[PDB]
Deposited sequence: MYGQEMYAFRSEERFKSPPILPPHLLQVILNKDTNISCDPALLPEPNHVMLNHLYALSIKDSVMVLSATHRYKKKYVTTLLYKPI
């Protein structure tokens, strides 16, 4: 049986998680994906809007 979700690996975010894929519920055939990445000591959360 698969490992249990790590406690800090949040299942849902409302408005260790580095490099992890998050996504909004698809709507209007448009998909919105997100993730936070690191460049040296700078972090950026990128959202991509893709039909």
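Colleague: Which parts of the deposited sequence lack C-alpha coordinates?
Modeller: Gaps in the modelled chain, taken against the deposited sequence, lie at 1-16, 32-48, 85.
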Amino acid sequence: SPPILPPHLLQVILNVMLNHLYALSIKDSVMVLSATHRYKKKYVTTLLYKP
From here on, numbers count along this sequence of modelled residues.
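Rigid core (definition): largest C-alpha set, two forms, superposition within 1.5 Å.
Colleague: Using the rigid core for superposition, please say which stretch has the greater CA deviation in 5 other deposited structures of this protein, 34-42 or 5-13.
Modeller: If we average over structures and residues in 5 other deposited structures of this protein, the farther stretch is 5-13.
Colleague: Would 4-12 or 40-48 have the larger average of its C-alpha temperature factors, as given in the entry?
Modeller: Between 40-48 and 4-12, it is 4-12 that shows the higher mean C-alpha B-factor.
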